[PDB]
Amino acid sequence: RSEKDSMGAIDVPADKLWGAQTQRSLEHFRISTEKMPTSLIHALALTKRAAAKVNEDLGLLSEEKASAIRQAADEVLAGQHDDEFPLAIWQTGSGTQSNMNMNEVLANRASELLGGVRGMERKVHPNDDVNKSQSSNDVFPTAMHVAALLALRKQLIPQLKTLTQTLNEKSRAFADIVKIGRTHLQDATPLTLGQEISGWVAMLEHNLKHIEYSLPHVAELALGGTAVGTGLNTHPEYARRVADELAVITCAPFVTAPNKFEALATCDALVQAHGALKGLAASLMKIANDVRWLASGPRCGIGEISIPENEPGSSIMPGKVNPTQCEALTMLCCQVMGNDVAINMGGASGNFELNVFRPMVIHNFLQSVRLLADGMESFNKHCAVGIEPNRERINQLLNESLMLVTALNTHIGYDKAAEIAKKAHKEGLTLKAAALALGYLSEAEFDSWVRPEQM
């Protein structure tokens, strides 16, 4: 088919709904393989849908066109036009290409929906109709916040709660299992496995509130700011109304940004929101490491806990259960850390009225959310729910450490108690064996004094 724009005409694949501007970009921005993610495409479609409704309400668009555009939008949301967005993330910094991609796809489809044809003889026009009362400048940032807030609310937060609930049950289930504490990787005083796990729980609980604190700023929308933030060429009620419409159809508390200049010139809300995410990544990294070290073995590591074997193993090598879910989680955590740096440089690089590092910022942000959400779900289902204590190993280690000598101090002078600890350590004996051989006490009184369950 032959589609055209100001620069003239250009042939586009007949079976496609996109136009000339999308085709040119497809030839000018052939960089790597990353394209806009589905969540962003949906957010962009939702933004066009709400814009169509409000424009209709203000009498700027005919009902016939308004409804057709919204219908084409719903088809995108339904997953009917995934193959219609071939543009790379590495395009113009404002995301203008992707805005045009949606305008053309929506206009062409909306034409067909009105008994028309796709292309040059279309009834609905991409710029004049679909992009009415908008600008690439304020539409893309809006799409970014819609996608981000929805991903955080719908995917990340629920998965975070679920994982916490599981670990919380585990904490309670193992509340009485006393184990040897470790600081600097060295044997220290005892604590219960339940207490150790409760530490992971509190970490996740704290992260949740931190992530929630970032939502309000992300809920602010640029729509209405127009080209530079002044709102020139828009109805005074447009910005507030469109924010309302979007809130209504997504069930999220979106609001119009109090300052459009800040909304257009920066990616601050995302730079901040992502800070909470890298915070979550550091916490998960620690939890994952504890799990895999505690399950290390089966014979030459710590082996205090056991996790489910998900992958098939060698017949001649029973016991080697690699903590794959832990390896997948730690890897994605490193990724979030890196994504943060990319976002920071982009967020700090805005100039004057517009920050033009947007596609890259949203690409990294959405990926982090995806990684963290799916990562917690997988870790939860394929590992966390199955954490079980190797009670024997736990006790063996507890009764093998010299750390329990403390209980004896209250019943025998610091030096005498420490005296048996020196012998046990030196001779390679256990505290009891050394205590009995040194004749400092009897088995009966020893056992009654060294009460690990009493801290």
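From 1 onward, residues are counted along the sequence shown.
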| said: Quick check on the record: does 173 to 181 or 364 to 372 carry the larger mean Cα temperature factor? | reply: 173 to 181
| query | What stretch has the higher average Cα B-factor here, 99 to 107 or 142 to 150? | reply | 99 to 107
| request: Could you tell me which one of 424, 66, 44, 50 shows the highest CA temperature factor in the PDB record? | output: 424
| request: Name the residue from 60, 31, 40, 387 with the greatest C-alpha temperature factor listed in the entry. | output: 60
| residue 253, C-alpha B-factor rank within chain (lowest, middle or highest third) | middle
| Taking the C-alpha B-factors as the PDB entry records them, is residue 246 in the lowest, middle or highest third of its chain? | middle
| Within this chain, which third does the Cα B-factor at residue 293 fall in: lowest, middle or highest? | middle
| request: Could you say whether, by C-alpha temperature factor, residue 124 belongs to the lowest, middle or highest third of its chain? | output: highest
| By the record's CA B-factor, is residue 235 among the lowest, middle or highest third of residues in the chain? | highest
